[PDB]
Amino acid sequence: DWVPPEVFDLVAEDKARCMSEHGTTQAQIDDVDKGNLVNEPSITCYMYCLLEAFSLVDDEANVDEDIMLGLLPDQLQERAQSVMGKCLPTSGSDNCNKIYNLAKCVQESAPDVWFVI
C-alpha cells in the first residue's frame, strides 16, 4: 500500500467540511474508492473540494501537475506523468463534472493504485 498513514489526519478537517458542503455520504466515498463512480454532484463536488483544499486544482479544475507529482512517491512518478499525459487537460460542464471525467480516466488507466479518501 503506497498510501502513507499520515495523510489521513492531515485531510480530516477538509474532508468533514467538503462532505457537509456537498451532501456527500461516506457510502458514496467508499463506492468511488472501489472504482464505481457516477456523475452525481454530491460525490464529484466532494472530489473537487478535497483536491482544491490541497492546491491540486485551481478555480477551473485545472490540475497542478507539479504539486501532484510532489505528493506521490518515487515509484509512482513516471506512471503519474503517463496517466496525466492521457487524462489532462480536464474537460466537462463545470468544476465537479471536470473532476468526474478526470476520476474515471485516472481510475480506468491505473485501477490498482486508485484511491479516494
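Definition used throughout: the rigid core is the maximal C-alpha set that superposes within 1.5 Å between two forms. A residue's number is simply how far along the shown sequence it sits, counting from 1.
- In 5 other deposited structures of this protein, superposed on the rigid core, the segment with the larger root-mean-square CA displacement between 8-16 and 21-29 is 8-16.
- Taking 58-66 and 31-39 in turn, the stretch whose Cα atoms are more displaced from the shown form in 5 other deposited structures of this protein following rigid core superposition is 31-39.
- Across the two stretches, 85-93 and 40-48, the PDB entry reports the greater mean Cα temperature factor for 85-93.
- Between the stretches 22-30 and 58-66, it is 58-66 that shows the larger average CA temperature factor.
- For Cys105, the recorded CA B-factor ranks within the highest third of the chain. Only modelled residues enter the ranking.
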